[PDB]
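File shown: model-v2.pdb (PDB, C-alpha atoms).
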ATOM      1  CA  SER A  22     -30.134  70.870 174.833  1.00  0.00           C
ATOM      2  CA  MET A  23     -30.470  67.693 176.953  1.00  0.00           C
ATOM      3  CA  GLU A  24     -27.592  66.126 174.871  1.00  0.00           C
ATOM      4  CA  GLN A  25     -25.176  68.747 176.358  1.00  0.00           C
ATOM      5  CA  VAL A  26     -26.429  67.860 179.924  1.00  0.00           C
ATOM      6  CA  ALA A  27     -25.584  64.155 179.287  1.00  0.00           C
ATOM      7  CA  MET A  28     -22.214  65.125 177.753  1.00  0.00           C
ATOM      8  CA  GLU A  29     -21.509  67.072 180.971  1.00  0.00           C
ATOM      9  CA  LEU A  30     -22.695  64.067 183.032  1.00  0.00           C
ATOM     10  CA  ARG A  31     -19.709  62.159 181.498  1.00  0.00           C
ATOM     11  CA  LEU A  32     -17.298  65.115 182.003  1.00  0.00           C
ATOM     12  CA  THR A  33     -18.479  65.711 185.604  1.00  0.00           C
ATOM     13  CA  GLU A  34     -17.746  62.076 186.371  1.00  0.00           C
ATOM     14  CA  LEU A  35     -14.403  61.917 184.477  1.00  0.00           C
ATOM     15  CA  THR A  36     -13.439  64.882 186.689  1.00  0.00           C
ATOM     16  CA  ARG A  37     -14.796  62.825 189.619  1.00  0.00           C
ATOM     17  CA  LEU A  38     -12.577  59.836 188.581  1.00  0.00           C
ATOM     18  CA  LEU A  39      -9.602  62.087 187.718  1.00  0.00           C
ATOM     19  CA  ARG A  40      -9.746  63.547 191.234  1.00  0.00           C
ATOM     20  CA  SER A  41      -9.171  60.113 192.736  1.00  0.00           C
ATOM     21  CA  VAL A  42      -6.240  59.374 190.416  1.00  0.00           C
ATOM     22  CA  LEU A  43      -4.562  62.669 191.241  1.00  0.00           C
ATOM     23  CA  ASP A  44      -4.879  61.895 194.976  1.00  0.00           C
ATOM     24  CA  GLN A  45      -3.140  58.496 194.659  1.00  0.00           C
ATOM     25  CA  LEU A  46      -0.293  59.964 192.565  1.00  0.00           C
ATOM     26  CA  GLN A  47       0.202  62.805 195.041  1.00  0.00           C
ATOM     27  CA  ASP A  48       0.413  60.206 197.870  1.00  0.00           C
ATOM     28  CA  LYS A  49       3.456  58.781 195.989  1.00  0.00           C
ATOM     29  CA  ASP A  50       5.085  62.236 196.696  1.00  0.00           C
ATOM     30  CA  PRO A  51       5.177  62.351 200.528  1.00  0.00           C
ATOM     31  CA  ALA A  52       8.089  64.825 200.352  1.00  0.00           C
ATOM     32  CA  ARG A  53       5.866  67.267 198.397  1.00  0.00           C
ATOM     33  CA  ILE A  54       8.709  67.971 195.945  1.00  0.00           C
ATOM     34  CA  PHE A  55       6.051  68.206 193.185  1.00  0.00           C
ATOM     35  CA  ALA A  56       3.157  69.820 195.157  1.00  0.00           C
ATOM     36  CA  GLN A  57       3.670  73.387 194.098  1.00  0.00           C
ATOM     37  CA  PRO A  58       5.048  75.074 191.051  1.00  0.00           C
ATOM     38  CA  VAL A  59       8.830  75.699 191.100  1.00  0.00           C
ATOM     39  CA  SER A  60       9.393  79.204 192.514  1.00  0.00           C
ATOM     40  CA  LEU A  61      10.560  81.820 190.007  1.00  0.00           C
ATOM     41  CA  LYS A  62      11.751  83.906 192.967  1.00  0.00           C
ATOM     42  CA  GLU A  63      14.032  81.058 194.036  1.00  0.00           C
ATOM     43  CA  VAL A  64      14.876  79.764 190.536  1.00  0.00           C
ATOM     44  CA  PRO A  65      14.666  82.947 188.442  1.00  0.00           C
ATOM     45  CA  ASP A  66      16.262  81.166 185.406  1.00  0.00           C
ATOM     46  CA  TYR A  67      13.738  78.239 185.539  1.00  0.00           C
ATOM     47  CA  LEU A  68      11.967  79.151 182.297  1.00  0.00           C
ATOM     48  CA  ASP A  69      15.270  79.329 180.457  1.00  0.00           C
ATOM     49  CA  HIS A  70      15.397  75.557 181.173  1.00  0.00           C
ATOM     50  CA  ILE A  71      11.823  74.223 181.282  1.00  0.00           C
ATOM     51  CA  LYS A  72       9.411  75.676 178.717  1.00  0.00           C
ATOM     52  CA  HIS A  73       6.240  74.071 180.188  1.00  0.00           C
ATOM     53  CA  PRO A  74       6.377  73.931 184.038  1.00  0.00           C
ATOM     54  CA  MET A  75       3.961  71.534 185.684  1.00  0.00           C
ATOM     55  CA  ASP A  76       2.957  70.608 189.230  1.00  0.00           C
ATOM     56  CA  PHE A  77       0.206  69.028 191.325  1.00  0.00           C
ATOM     57  CA  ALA A  78      -1.454  72.286 192.508  1.00  0.00           C
ATOM     58  CA  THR A  79      -1.622  73.367 188.850  1.00  0.00           C
ATOM     59  CA  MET A  80      -3.092  70.016 187.665  1.00  0.00           C
ATOM     60  CA  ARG A  81      -5.681  70.282 190.500  1.00  0.00           C
ATOM     61  CA  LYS A  82      -6.885  73.800 189.535  1.00  0.00           C
ATOM     62  CA  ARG A  83      -7.503  72.606 185.996  1.00  0.00           C
ATOM     63  CA  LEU A  84      -9.311  69.509 187.214  1.00  0.00           C
ATOM     64  CA  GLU A  85     -11.742  71.466 189.439  1.00  0.00           C
ATOM     65  CA  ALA A  86     -12.204  73.631 186.322  1.00  0.00           C
ATOM     66  CA  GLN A  87     -13.301  70.430 184.455  1.00  0.00           C
ATOM     67  CA  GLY A  88     -10.453  71.396 182.200  1.00  0.00           C
ATOM     68  CA  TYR A  89      -9.266  67.877 181.253  1.00  0.00           C
ATOM     69  CA  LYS A  90     -11.064  66.281 178.287  1.00  0.00           C
ATOM     70  CA  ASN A  91      -9.690  62.737 178.521  1.00  0.00           C
ATOM     71  CA  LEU A  92      -7.164  60.624 180.447  1.00  0.00           C
ATOM     72  CA  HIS A  93      -4.433  61.344 177.772  1.00  0.00           C
ATOM     73  CA  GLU A  94      -4.588  65.051 178.668  1.00  0.00           C
ATOM     74  CA  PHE A  95      -4.140  64.202 182.391  1.00  0.00           C
ATOM     75  CA  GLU A  96      -1.282  61.718 181.653  1.00  0.00           C
ATOM     76  CA  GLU A  97       0.633  64.377 179.631  1.00  0.00           C
ATOM     77  CA  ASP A  98       0.627  66.778 182.562  1.00  0.00           C
ATOM     78  CA  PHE A  99       1.841  64.093 184.935  1.00  0.00           C
ATOM     79  CA  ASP A 100       4.733  63.234 182.596  1.00  0.00           C
ATOM     80  CA  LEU A 101       5.777  66.932 182.368  1.00  0.00           C
ATOM     81  CA  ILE A 102       6.123  66.991 186.095  1.00  0.00           C
ATOM     82  CA  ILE A 103       8.564  64.022 185.947  1.00  0.00           C
ATOM     83  CA  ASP A 104      10.362  64.748 182.716  1.00  0.00           C
ATOM     84  CA  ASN A 105      10.910  68.421 183.660  1.00  0.00           C
ATOM     85  CA  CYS A 106      12.455  67.388 186.975  1.00  0.00           C
ATOM     86  CA  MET A 107      14.594  64.790 185.321  1.00  0.00           C
ATOM     87  CA  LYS A 108      16.058  67.378 183.006  1.00  0.00           C
ATOM     88  CA  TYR A 109      16.403  70.259 185.439  1.00  0.00           C
ATOM     89  CA  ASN A 110      18.024  68.279 188.263  1.00  0.00           C
ATOM     90  CA  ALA A 111      21.145  66.077 187.857  1.00  0.00           C
ATOM     91  CA  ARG A 112      20.879  62.284 188.346  1.00  0.00           C
ATOM     92  CA  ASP A 113      22.536  62.211 191.801  1.00  0.00           C
ATOM     93  CA  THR A 114      19.844  64.369 193.443  1.00  0.00           C
ATOM     94  CA  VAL A 115      16.947  63.902 195.814  1.00  0.00           C
ATOM     95  CA  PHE A 116      14.811  65.681 193.214  1.00  0.00           C
ATOM     96  CA  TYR A 117      15.712  63.511 190.204  1.00  0.00           C
ATOM     97  CA  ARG A 118      15.584  60.393 192.393  1.00  0.00           C
ATOM     98  CA  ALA A 119      12.101  61.402 193.623  1.00  0.00           C
ATOM     99  CA  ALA A 120      10.842  61.763 190.063  1.00  0.00           C
ATOM    100  CA  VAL A 121      12.061  58.216 189.303  1.00  0.00           C
ATOM    101  CA  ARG A 122      10.129  56.888 192.308  1.00  0.00           C
ATOM    102  CA  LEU A 123       6.989  58.825 191.296  1.00  0.00           C
ATOM    103  CA  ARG A 124       7.269  57.529 187.733  1.00  0.00           C
ATOM    104  CA  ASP A 125       7.690  53.901 188.861  1.00  0.00           C
ATOM    105  CA  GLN A 126       4.946  53.979 191.467  1.00  0.00           C
ATOM    106  CA  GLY A 127       2.568  56.004 189.235  1.00  0.00           C
ATOM    107  CA  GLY A 128       2.745  53.340 186.452  1.00  0.00           C
ATOM    108  CA  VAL A 129       0.556  50.979 188.487  1.00  0.00           C
ATOM    109  CA  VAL A 130      -2.115  53.582 189.331  1.00  0.00           C
ATOM    110  CA  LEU A 131      -2.295  54.817 185.691  1.00  0.00           C
ATOM    111  CA  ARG A 132      -2.303  51.281 184.288  1.00  0.00           C
ATOM    112  CA  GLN A 133      -5.649  50.738 186.191  1.00  0.00           C
ATOM    113  CA  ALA A 134      -7.214  54.156 185.504  1.00  0.00           C
ATOM    114  CA  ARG A 135      -6.851  53.542 181.709  1.00  0.00           C
ATOM    115  CA  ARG A 136      -8.808  50.345 182.269  1.00  0.00           C
ATOM    116  CA  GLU A 137     -11.515  52.234 184.363  1.00  0.00           C
ATOM    117  CA  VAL A 138     -12.093  54.977 181.716  1.00  0.00           C
ATOM    118  CA  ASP A 139     -12.291  52.407 178.875  1.00  0.00           C
ATOM    119  CA  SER A 140     -14.594  50.094 180.895  1.00  0.00           C
ATOM    120  CA  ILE A 141     -16.974  52.850 182.162  1.00  0.00           C
ATOM    121  CA  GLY A 142     -16.818  54.703 178.791  1.00  0.00           C
TER     122      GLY A 142
END
Mind turning the file's structure into structure tokens?
Amino acid sequence: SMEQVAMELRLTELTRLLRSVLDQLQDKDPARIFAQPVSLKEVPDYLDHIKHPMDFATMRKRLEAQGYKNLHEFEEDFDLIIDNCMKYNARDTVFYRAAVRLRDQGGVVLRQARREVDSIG
């Protein structure tokens, strides 16, 4: 049907907006602490601690797979990345501290993207 082509025209573009948002959030991580999944070779016990690992390269794959339905789905992934880090690493660490900075700086980007989804539709 044509009404599935127009549905996809929204999805395609959400993906197109969600790409931009991801890029701005990943610029708030110049150290690349959150770029890749945590290595299970290097932290073999990681899954004993964090039941749902999340990272930028993982979030990207799923975006280019038009795998995100709304902005709430994308925001949940982003929060995993931070909340996981904030549990795994102790407070006095470059990792924890980097999550706090990403959280704080991401709030501004996300606060506008909510407004751009709602406004565009």
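The interatomic distance for the pair CA of residue 130 in chain A and CA of residue 116 in chain A works out to 21.2 Å.
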Exercise. So what do you get for CA of residue 101 in chain A versus CA of residue 139 in chain A, distance-wise?
Worked result: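 These atoms are spaced 23.4 Å apart.
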For this session: Would you please work out which residue, of A:135, A:77, A:106, A:93, is nearest to residue 47 in chain A when using all atoms listed in the file?
Result: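 Closest to residue 47 in chain A, using all atoms listed in the file: A:77.
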Problem set entry | Top pick for closest residue to residue 56 in chain A, considering A:31, A:70, A:81, A:118 and counting all atoms listed in the file |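 Among the listed residues, the smallest separation from residue 56 in chain A belongs to A:81.
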Problem set entry | Explicit residues for the PyMOL selection byres ((chain A and resi 80) around 12) (as a PyMOL selection string) | chain A and resi 36+39-40+42-44+46-47+55-58+74-79+81-89+94-102
Exercise. Given the choices A:132, A:37, A:72, A:108, which gets closest to residue 120 in chain A if the distance is worked out from all atoms listed in the file?
Worked result: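 That would be A:108, the residue with the smallest distance to residue 120 in chain A.
The interatomic distance for the pair CA of residue 68 in chain A and CA of residue 110 in chain A works out to 13.8 Å.
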For this session: May I ask which of the residues A:45, A:107, A:142, A:32 is the closest one to residue 126 in chain A, counting only C-alpha atoms?
Result: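 Looking only at the distances to residue 126 in chain A, the closest residue turns out to be A:45.
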Centre and size of axis-aligned box enclosing range 132-142 of chain A plus 4 Å each side, as JSON:
{"center_x": -9.6, "center_y": 52.5, "center_z": 182.5, "size_x": 22.7, "size_y": 12.9, "size_z": 15.4}
Problem set entry | Nearest residue to residue 117 in chain A from the set A:71, A:131, A:141, A:54 (distances using all atoms listed in the file) |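 Of A:71, A:131, A:141, A:54, the one nearest residue 117 in chain A, counting all atoms listed in the file, is A:54.
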